[PDB]
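S.K.:
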Amino acid sequence: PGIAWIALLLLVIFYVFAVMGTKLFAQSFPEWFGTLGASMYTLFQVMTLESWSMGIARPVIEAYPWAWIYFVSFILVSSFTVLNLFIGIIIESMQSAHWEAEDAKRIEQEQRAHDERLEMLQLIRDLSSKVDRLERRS
Amino acid sequence: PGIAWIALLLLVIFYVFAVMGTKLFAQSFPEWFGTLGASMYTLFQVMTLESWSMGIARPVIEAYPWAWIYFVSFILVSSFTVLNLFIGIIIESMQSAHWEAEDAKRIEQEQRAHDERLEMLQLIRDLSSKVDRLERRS
Amino acid sequence: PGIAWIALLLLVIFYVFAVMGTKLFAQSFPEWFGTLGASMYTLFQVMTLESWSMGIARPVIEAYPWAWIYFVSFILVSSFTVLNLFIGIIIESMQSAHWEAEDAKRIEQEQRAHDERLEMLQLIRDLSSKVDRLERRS
Amino acid sequence: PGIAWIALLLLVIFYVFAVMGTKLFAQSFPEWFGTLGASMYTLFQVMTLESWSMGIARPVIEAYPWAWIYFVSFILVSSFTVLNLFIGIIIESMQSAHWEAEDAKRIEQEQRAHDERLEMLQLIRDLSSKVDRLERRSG
Ligand SMILES: [Cl-]
Ligand SMILES: [Cl-]
Ligand code: NA
Ligand code: NA
C-alpha cells in the first residue's frame, strides 16, 4: 500500500541485523547485544549514527576485526532505506498538493477541447455534404 | 494556517516530554533533567541526536530500565514532526517556484485555444448559412 | 544569483557568531574560542552538530550559565539557513531536470497547435468567400 | 549512466583522502590511519560526522597543526558530493513518480488532438475542392 511497503522493509532489516548481532556479539559484548531487545536498541542508536563507531563499533572490531562489515553494511543499508521513506513521503505529499488535481484538471480540459473539436468536425461534415448535394444539382 | 500549525505541535511535544522528563528523572539526573529548563536543553540535545544515547539515555536506562521508551519515542515523534515541518516547507516551496505559474500559464494557454476554436465554430456556422442560402436560392 | 544569496547569508551568521563567541568565551575557554579561527573551527563543529553539547556547550554553560542562548540560537538559526539552502538546491535542481525542459515543450508544442488552427482559420475564410462569390456570380 | 556517475566521484574522493591520509598520519595515528583499510573506515566515520572532531580530528590537529584542512575540506567535498547523490535520487524518484508518465500522457494526448485537427484539415480542403468545381462548372 505505498510507503509503508518500505517501512515494513526497514523493520525487517532491523530484525535481521538485530538477530545477526545478538548471535555474533552477545557473548563478548552483553550490554550492547546480550538479548535481542538489547540489540534493537543498539541498532537504533547506530542507525541514528550516535557514537556508532567510537563508542560501539570500534570496540567491537577489536574483538571481531571483520565486524566493520556488520556496522558499515547497516549504516549503508539502513540509511538508503530511511532515505526512501523521506522520499516516498516527499513524493506522495507533492502528489496530494498538486499532481492529484493537475492530472485531473487536464484530463478534463482535454475533454472540453476534444468535445469542441468534435462539434466542429460535425458541422464541417453537415456542411461538407450540403455542398455535396448542391453540386449534384448544379 | 499552514506550517506553524505543526511547528507548534513541535513546541508542545517538547513541552510535554520536558515535564514528563523532570517529574520522572529530576532526582537521579539533576544536571540533565533537574528543572524544567534543564530538561529542555537536554531534549534539545537529544533531538539533535547529539550524544543522546551514550551520553544521556543509556545512563538513564541504567537507573530506569524502561526509560528507553521515553527516549526512543521522543526521537520518533520529534524527528517526524520535524519531517513534516520540512515537507510543508519543501512543498510550499515548489508551489511558489513552479506550480504557481505552470498551473496559471496553462489556464491561459487553453483559454487562447478555446477562443480560437470558438472563432471558427463561428465561421463554419456562417459558411453553413451561406451554403444554406445557395440551396434555397437554388 | 539564487541560493548563493543565502550561502552568503549563512557565511555571515557564521562569522558574526565566531566573533560574538571569541569575545564572550575566549578568556575562559581558549582552546575552543581563543582566537577567531579557533572559534570558527569549533563553530563548524557545532554546526555539524558534533559533540555540540556534551563536548562544548555544556562545559561552557557552567562557567556562563546563560550561554545556552548562544549555542541553541546558533544551531537553530544555522539549521534553518542550511535547511533552506538545501531546499533551494532541490528546487533549483528540479527546475533543470524537468521544469525548464517541460515548459519548453508545452510552449513550442502549442505554438504548433496554434499555428495549425490558424491555417484552418484561413482555409475557412478563403472558402467562406468563394462560397459567396458564387452567391454573387449567380 | 547517471548519478552512478556521481557515486564514482565520491569513491574517488575517499580513495584520495584515504591515501593522502595514510601517507600523512599513519606514523602518529596508526589506529585510525595506520593502513589504507584503517584510513577509510576512519573517513567513513568522519563522513557520518561521528566524533569527527572531538574524537579524531582535534587529536590529530594536536600533532599536525594544519590538519584542520584535511578534515574540514573532506567534510565539505565529501558532504557536498553526497548531497548531489541525495538530490539525484530525489529527482529520479519523481521522474518515476510522475514526470515519466504525465510527460508521455501528454505527448499521447496531443497526438490525439493533432491527429483530429489534421482530420478537420483534410475535410476543409476537401470542401474547398468541391466548391472549386462547383465554381467552375457554373461560370
Ligand atoms: Cl512537478
Ligand atoms: Cl484544437
Ligand atoms: Na554522536
Ligand atoms: Na548525530
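Residue numbers (the deposited numbering), protein chains in the order written: chain B, 148 to 285; chain C, 148 to 285; chain D, 148 to 285; chain A, 148 to 286.
Backbone N, C-alpha and C define an ideal beta-carbon position, used for all residues, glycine too.
Relative to chain B, which residues along the stretch 242-275 of chain C have a C-beta separation below 8 Å, given in chain order?
M.R.: Flagged, chain order: 242, 246, 250, 253, 257, 260, 261, 264, 265, 267, 268, 271, 272, 274 and 275.
S.K.: Check whether the stretch 213-228 of chain B touches the stretch 243-258 of chain B, taking contact to mean three or more Cβ pairs, one atom from each stretch, closer than 8 Å.
M.R.: No: fewer than three Cβ pairs fall under 8 Å.
S.K.: Could you tell me whether the Cβ atoms of residue 201 (chain B) and residue 181 (chain A) are closer together than 8 Å?
M.R.: It is not a contact, given that the beta carbons lie outside the stated cut-off.
S.K.: Buried or exposed: residue 234 (chain C), going by 16 or more other Cβ atoms within 10 Å of its Cβ?
M.R.: Residue 234 (chain C) comes out buried.
S.K.: Specify the secondary structure class of residue 266 (chain A) as computed by DSSP and reduced to three states.
M.R.: Helix.
S.K.: Compare the C-alpha of residue 236 (chain C) against each of B:229, B:244 and B:159 and name the closest.
M.R.: The shortest C-alpha separation from residue 236 (chain C) is found at B:244.
S.K.: Does the beta-carbon distance from residue 240 (chain C) to residue 210 (chain C) come in below 8 Å?
M.R.: No, the Cβ-Cβ distance between residue 240 (chain C) and residue 210 (chain C) is not below 8 Å.
S.K.: Starting from the C-beta of residue 153 (chain C), find all residues in its chain whose C-beta is less than 7 Å away, skip the five residues before and the five after it, and write them out in chain order.
M.R.: Correct list, in chain order: 228, 231, 232 and 235.
S.K.: Is residue 257 (chain D) a contact residue of ligand 5, with contact defined as CB to any heavy atom under 7 Å?
M.R.: In terms of ligand content, the structure shown lacks ligand 5 and carries ligand 1, ligand 2, ligand 3 and ligand 4 instead.
S.K.: Alpha carbon to alpha carbon, how far is residue 238 (chain A) from residue 150 (chain A)?
M.R.: Rounded to the nearest angstrom, the two C-alpha atoms are 10 Å apart.
S.K.: Are the beta-carbon atoms belonging to residue 264 (chain B) and residue 260 (chain A) less than 8 Å from one another?
M.R.: Against a cut-off of 8 Å, the Cβ pair of residue 260 (chain A) and residue 264 (chain B) comes out as a contact.
S.K.: Does the distance from the CB of residue 274 (chain B) to the CB of residue 274 (chain C) come in under 8 Å?
M.R.: Contact: yes.
S.K.: Given that residue 194 (chain D) touches chain C, what residues does it touch there, using C-beta distances under 7 Å?
M.R.: Those within 7 Å of residue 194 (chain D) in chain C number zero; the least Cβ separation is about 11 Å.
S.K.: Using only the heavy atoms of ligand 4, determine whether one of them is closer than 7 Å to the beta carbon of residue 196 (chain A).
M.R.: Residue 196 (chain A) Cβ: within cutoff of ligand 4.
S.K.: For the stretch 181-193 of chain C, which residues have a CB atom closer than 8 Å to at least one CB atom of chain D, in sequence order?
M.R.: Against chain D - using a Cβ distance shorter than 8 Å - the residues of the stretch 181-193 of chain C are 188, 191 and 192.
S.K.: Below 8 Å between beta carbons: does that hold for residue 196 (chain C) and residue 165 (chain C)?
M.R.: No, they are not a contact pair.
S.K.: I think residue 188 (chain C) touches residue 215 (chain D), with their Cβ atoms under 8 Å apart; what is that distance to the nearest whole Å?
M.R.: Confirmed, Cβ separation roughly 5 Å.
S.K.: Quick test of your reading: residue 282 (chain A) and residue 277 (chain D), contact by CB under 8 Å. State the CB separation rounded to the nearest angstrom.
M.R.: Indeed, because the Cβ distance is near 6 Å, the residues count as touching under 8 Å.
S.K.: Given a threshold of 16 other Cβ atoms within 10 Å of its Cβ, counted over all protein chains shown, does residue 179 (chain A) qualify as buried or as exposed?
M.R.: Buried, because 16 or more other Cβ atoms sit within 10 Å of the Cβ of residue 179 (chain A).
S.K.: Excluding sequence positions up to five away, which residues of its chain have a Cβ less than 7 Å from the Cβ of residue 258 (chain C)?
M.R.: No residues qualify anywhere along the chain.
S.K.: Quick one: which unbroken alpha helix (DSSP H) runs of 4-plus residues sit fully inside the stretch 210-271 of chain C? Chain order, please.
M.R.: Counting whole runs of 4 or more residues, the stretch 210-271 of chain C contains the alpha helix (DSSP H) stretches 215-241.
S.K.: Please tell me whether residue 202 (chain C) has its Cβ less than 8 Å away from any Cβ of chain D.
M.R.: Yes, because at least one Cβ of chain D sits closer than 8 Å to the Cβ of residue 202 (chain C).
S.K.: Pick out whichever of B:206, B:262, B:160 and B:250 has its Cα sitting closest to the Cα of residue 172 (chain B).
M.R.: The shortest Cα separation from residue 172 (chain B) among B:206, B:262, B:160 and B:250 belongs to B:206.
S.K.: What is the DSSP secondary structure of residue 200 (chain B), counted as helix, strand or coil?
M.R.: DSSP places residue 200 (chain B) in helix when its eight states are reduced to three.
S.K.: Could you tell me how far apart the beta carbons of residue 198 (chain B) and residue 198 (chain C) are, in whole angstroms, since I believe they sit closer than 8 Å?
M.R.: About 6 Å; that satisfies the 8 Å criterion.
S.K.: Are the CB atoms of residue 217 (chain D) and residue 168 (chain D) nearer to each other than 8 Å?
M.R.: Yes. Within cutoff.
S.K.: Going by DSSP, what residue range makes up the alpha helix (DSSP H) through residue 192 (chain B)?
M.R.: Unbroken alpha helix (DSSP H) run through residue 192 (chain B): 183-194.
S.K.: Can you tell me whether residue 164 (chain B) is helix, strand or coil according to DSSP?
M.R.: The answer is helix: DSSP assigns residue 164 (chain B) an H, G or I state.
S.K.: Please confirm whether residue 281 (chain D) has its beta-carbon closer than 8 Å to some beta-carbon of chain A.
M.R.: True, the Cβ-Cβ gap to chain A drops below 8 Å.
S.K.: What first and last residue would you give for the alpha helix (DSSP H) that runs through residue 177 (chain A)?
M.R.: First-last of the alpha helix (DSSP H) with residue 177 (chain A): 177-180.
S.K.: Under the three-state reduction of DSSP, which class applies to residue 208 (chain B): helix, strand or coil?
M.R.: Residue 208 (chain B): helix per DSSP, three-state reduction.
S.K.: In whole angstroms, what separates the C-alpha of residue 280 (chain B) from that of residue 280 (chain C)?
M.R.: So the two alpha carbons sit approximately 13 Å from each other.
S.K.: How about residue 205 (chain A): is its C-beta nearer than 8 Å to some C-beta of chain B?
M.R.: Chain B contact via Cβ: absent.
S.K.: By the 8 Å beta-carbon criterion, what residues does the stretch 217-242 of chain B contribute toward chain C?
M.R.: Under the 8 Å Cβ criterion, the stretch 217-242 of chain B contributes 233, 236, 237, 240 and 241.
S.K.: Could you name the residues of chain C that residue 199 (chain D) contacts, counting a contact when the two beta carbons are closer than 9 Å?
M.R.: The answer, in chain order, is 192, 195, 197 and 198.
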